[PDB]
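Single chain ahead, by itself, as structure tokens, in the form deposited in one PDB entry.
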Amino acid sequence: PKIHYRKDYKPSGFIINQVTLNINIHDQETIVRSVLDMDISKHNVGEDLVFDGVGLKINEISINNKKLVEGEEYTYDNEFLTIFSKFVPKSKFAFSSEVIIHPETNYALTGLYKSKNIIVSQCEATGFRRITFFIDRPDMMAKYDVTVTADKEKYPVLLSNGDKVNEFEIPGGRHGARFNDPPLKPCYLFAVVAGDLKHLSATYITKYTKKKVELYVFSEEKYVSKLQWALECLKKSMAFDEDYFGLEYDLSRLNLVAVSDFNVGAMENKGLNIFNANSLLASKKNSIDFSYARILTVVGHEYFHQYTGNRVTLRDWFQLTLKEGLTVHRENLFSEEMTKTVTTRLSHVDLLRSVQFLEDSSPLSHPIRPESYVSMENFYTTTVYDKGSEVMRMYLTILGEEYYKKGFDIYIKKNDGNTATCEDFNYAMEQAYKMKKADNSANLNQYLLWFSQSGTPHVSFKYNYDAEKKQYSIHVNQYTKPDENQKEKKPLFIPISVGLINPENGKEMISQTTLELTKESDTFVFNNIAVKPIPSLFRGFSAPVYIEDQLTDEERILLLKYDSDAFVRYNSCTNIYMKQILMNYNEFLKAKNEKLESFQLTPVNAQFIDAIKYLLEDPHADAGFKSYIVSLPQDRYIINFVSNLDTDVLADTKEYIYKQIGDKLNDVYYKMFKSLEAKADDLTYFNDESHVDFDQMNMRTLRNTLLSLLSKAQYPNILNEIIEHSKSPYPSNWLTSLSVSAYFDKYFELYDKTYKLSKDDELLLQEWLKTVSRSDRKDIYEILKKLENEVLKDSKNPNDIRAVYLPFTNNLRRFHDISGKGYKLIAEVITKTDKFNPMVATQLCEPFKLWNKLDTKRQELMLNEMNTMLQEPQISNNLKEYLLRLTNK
């Protein structure tokens, strides 16, 4: 088990200037001929020439056209090719090889592999070494000349990086295409696609240089009609980078390709972007609403990789957050601008405070720039990506738009055509910071702690108001809990976007203000404050922290009703819920522990319920926001606030609170569900694939959320509404009818009905599987077994496997069954999956990430299953390391 350390970075003793590839695809094998035009670097010390090379079958290797022999001149152990230094030349030389690989049986979906009837590659982070020998690290920049050959009937469309410079026929019904890509690039950006691909195309003319750019979106013939939205999103992405950042696309063509078998969302490769089909393809008849925001963000994400990727490459993989955090941040800016709905930002905050906060207090906790790794495939985390983006976002919050866009330009210019680090980015933003403060002594050295320090900071508040002085004070304290990464946590640079709300008319009292907290504690004072304000803190969620506002529920309700900032309204609601949840939880827990025959529960705040009704009945209020306030905080958000969480007791707590609110607002819920129908289910643009209305989709979200609440509560004759819902042409609607019908006898009837609607579309069926998997059924285990035997079977498609099992793991009452049957089931699935796809196996370990936060019995059950998984003789390095770190072993 080798461990790479960030402090151990040293440049290669070798140089690769030119790569010349010949990839010959055949029925039962793929032959890869490679010539590497190499040289000796200034850091060389006469060491052995060591190439990365995993699972390569050597036909022959050479240096300067002379064949090398095994044992005397080189050794190969299926991981590293070692050529002894005495046989390594002193100056410019040519290394060549011919290996055999097998994309057909490559079920790990890394390197070159076959997805249905498409040959496709995935080289990030260390996948290129699975195709041919190379010094597989991102700082090895080279030129690429790639030739691909295959059977024309099976693979008429051949794609790779750069320009297609030659097409030719080959005896035996075969053909070739040659691609030349002159600009330097790292090997993880290499890509190749072969298949019977159909496409939609368009020409984009750039804003400034008026350059014409060919846009292509590819898929298998069956789903070519689902390519339209992707093309529109690409156009949107190009326009946005031109209008906001003032950047145009550098190349003359851009290809997007959908494949059915993909480990993640998508991949950026210079001009050739490859996507999980579920993140590129959609139609209104065959997709749920979520696909449309999903495709927008993922297409945007891969597009925004281009500009920066063309000018600055990572020095090493420890700087991953520099390219991913920044791109997710640009992606988020894009999406917020495109959707023009406040729930877009809210959803990102929702995901961070649930999934990433869990990770950051788990034994897997790490900084966005880690100090070490064993497997790079476990490096791509919500911390690196989503906390990373929040850290990138805070630069904009501190600097403002003008000085941010300015510090961004400094970063590009200063690091053009070379490898950079996170500190290079901080340095550039520091130059903008000095200029903003108009004092050249200003610095952002403390800000670097955001990169090196793990864990989520806690920010708490106390207040004072002097009526006679008209003086208002905000006392702020920050704290980060020590962990395995740092014994002593340092104070961070925390930007606190604030406003002060006049409680008697709801007006803003002060201008836009961002408090800069740089110490463990500070007191911020405001003069000329005519009345006691209600503080609106961390507007837009301006720092990735735990917020302890120390407000009363009455104060929180007034923010919820009258504040101008969506997040603070949403957070105020969240805080009211959390206070109620913790109170009722402890009450239920005491009853259980003391075996009480009778006990009391604290009712939900009546004024809070009044506030919800007020907002729901406001026709000028946002439908998306409304769906958030009638929903309790996510379980994974809640668990960060409870020690030794009894999942049954939490389930009882949620049930009580939902019923409390339902017993008061169910009539309002029903009235709204009916009145929203017209606008939410409007069919005017149902056959226009380029017309996407995010507000309308939010209305459907509200309706489906309300329907769920009404179905659970068994509202009189709601089954009628459920049945009529199933007849809706919108998949979001008729899949909702399935899940909410779980509380009725008509469930298995809609099960069959929605299955027939879903089975002839690959992606739609996967959404059906998800819906079934997440269904609130008492017989969910028998239902899962049915899915395995009748639909899923022995599929190795990651989308299929994730769809069947992951939603079920969110079933608080059932997955966490006290017998451990749920833990045992998922562990069996992880072990089975690990045999062919280690990455997806690790993804399936997701529910275990909170193992040490549960009650003692459930802790023991999960730990038992993880130790059982760890003792599998054939366990992958990926899963092994992941479980070793998670179990603190």
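Numbers for residues come from their place in the sequence shown, where the first is 1. Just so we're on the same page, rigid core means the largest C-alpha set that superposes within 1.5 Å between forms.
Relative to one another, 340-348 and 460-468 have unequal mean CA B-factors, and 460-468 is the one with the higher figure. Taking the mean C-alpha B-factor of each stretch as recorded, 700-708 and 523-531 are not equal, and the higher mean is that of 523-531. Reading the B-factor column for the CA atoms of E504, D565, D646, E232 in the entry, the top value corresponds to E504. Comparing the listed residues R393, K613, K796, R174, the entry records the largest Cα B-factor for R174. In this PDB entry, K164 carries a Cα temperature factor that places it within the highest third of its chain's modelled residues. Annotation for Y658: C-alpha temperature factor in the lowest third relative to the rest of the modelled chain, per the entry.
For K323, the recorded CA B-factor ranks within the lowest third of the chain. Only modelled residues enter the ranking. Ranked against the other modelled residues of its chain, the C-alpha B-factor of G265 as given in the entry falls in the lowest third.
Looking at the C-alpha B-factors along this chain, the one for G820 belongs to the middle third.
There is another form of this protein, the form deposited in another entry, and it is not shown here; the text below is about that form.
Large C-alpha shift between this form and the one not shown, rigid core held fixed: of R345, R311, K207, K154, this applies to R311 alone, with a displacement of 2 Å or more.
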